[PDB]
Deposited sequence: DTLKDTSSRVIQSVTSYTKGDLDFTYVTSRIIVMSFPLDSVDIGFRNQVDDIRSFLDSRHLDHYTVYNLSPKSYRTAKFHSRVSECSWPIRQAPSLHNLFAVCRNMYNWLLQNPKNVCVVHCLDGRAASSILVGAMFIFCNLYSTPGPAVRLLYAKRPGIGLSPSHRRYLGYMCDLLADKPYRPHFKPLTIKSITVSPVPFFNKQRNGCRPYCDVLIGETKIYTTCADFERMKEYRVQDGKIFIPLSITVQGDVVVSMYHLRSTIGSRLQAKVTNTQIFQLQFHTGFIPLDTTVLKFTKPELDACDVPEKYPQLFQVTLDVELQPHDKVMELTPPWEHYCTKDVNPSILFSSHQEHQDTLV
């Protein structure tokens, strides 16, 4: 584990060619002294380096702040990084994200898989954790690394194009998000990529409140989706503000992601236990055996696709993991 700190910044060489940079002119300073003319910054933050003037070295990937990026983008960035590494043996990739530090980590993990260092997600995640201790991958990030392994396997999985109808969501038992910690006032969002396509959220006073005896939260949705799906639930809260207005805030109860093309065709239920959910609050706000299920059905006809995914025009079969390293010895050591 080779780490450097200029000041606020933290540069971790996961390998000699893959650098993770943590949370301006100093960025440039460090990298120019060590890798002049041979680095690219893959900025995963939504907020860019427009006024940097070292921006000519920055690829603005603009990934979601909290959620795993769409599989298309995860794959596309890996390929760009690979091409950059191929272009000159002195080239290095510098990965940067906000400090929602899962973004850097999933990119690095995906890169291990893309470059054939590993074929299954566990060993990749283990190498990643050993290189970047302290930053955990959410279950959605791990799930997506699983998707990358499927796509890139010796016999690659071909994601289907059937849309998925999500008939409803059921959450049980009822979790503890109100002030008295005995219930919640929940609403659900469904997104594709970062685009919200449906919400059950309505006026605060219309929102049903749930207590322990309600037993479960059952919300019919009736939405049909294809691709990278995000399903989230929040607790809605109202507070008297200055001016005495109702300040309405929300506290996230959970989030989960999946890609419809990886759901087996005969699936009618998707179930997520607490360990399989992202973005949970403190454990005391959840009942035992907390779980979320989605009642679903895959449709019979392919969806007509606007854009084709980059894995359809790419084969990793020939890719050598030596590309990640600057010598055989570094390579062998890493294993």
| item | value |
| --- | --- |
| Missing stretches, numbered from 1 on the deposited chain sequence and kept in order | 1-13, 37-48, 361 |
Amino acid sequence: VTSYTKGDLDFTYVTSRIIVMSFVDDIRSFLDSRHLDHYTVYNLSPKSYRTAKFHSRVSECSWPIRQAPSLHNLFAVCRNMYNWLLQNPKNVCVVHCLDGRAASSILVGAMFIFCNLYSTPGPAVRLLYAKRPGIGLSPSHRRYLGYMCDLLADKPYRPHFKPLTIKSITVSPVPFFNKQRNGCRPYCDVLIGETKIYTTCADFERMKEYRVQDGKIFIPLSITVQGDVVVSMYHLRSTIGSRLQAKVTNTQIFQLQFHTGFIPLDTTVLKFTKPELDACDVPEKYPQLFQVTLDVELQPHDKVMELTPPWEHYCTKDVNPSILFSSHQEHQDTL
From here on, numbers count along this sequence of modelled residues.
| property | result |
| --- | --- |
| Average Cα temperature factor in the PDB entry - higher stretch of 299-307, 284-292 | 299-307 |
| Which of 195-203 and 131-139 has higher mean CA B factor, as the PDB entry lists it | 131-139 |
| Residue of maximum C-alpha B factor among 274, 55, 38, 271, per deposited coordinates | 55 |
| Deposited CA B-factor, highest of 264, 175, 186, 241 | 241 |
| Cα B factor band for residue 146 (lowest, middle or highest third within the chain) | middle |
| Lowest, middle or highest third - CA B-factor, residue 155 | highest |
| Assigned third (lowest, middle, highest) for the C-alpha B factor of residue 126 | highest |
| Relative C-alpha B-factor of residue 248, binned into the chain's lowest, middle or highest third | highest |
| Chain-wide C-alpha B factor ranking for residue 228, given as lowest, middle or highest third | lowest |
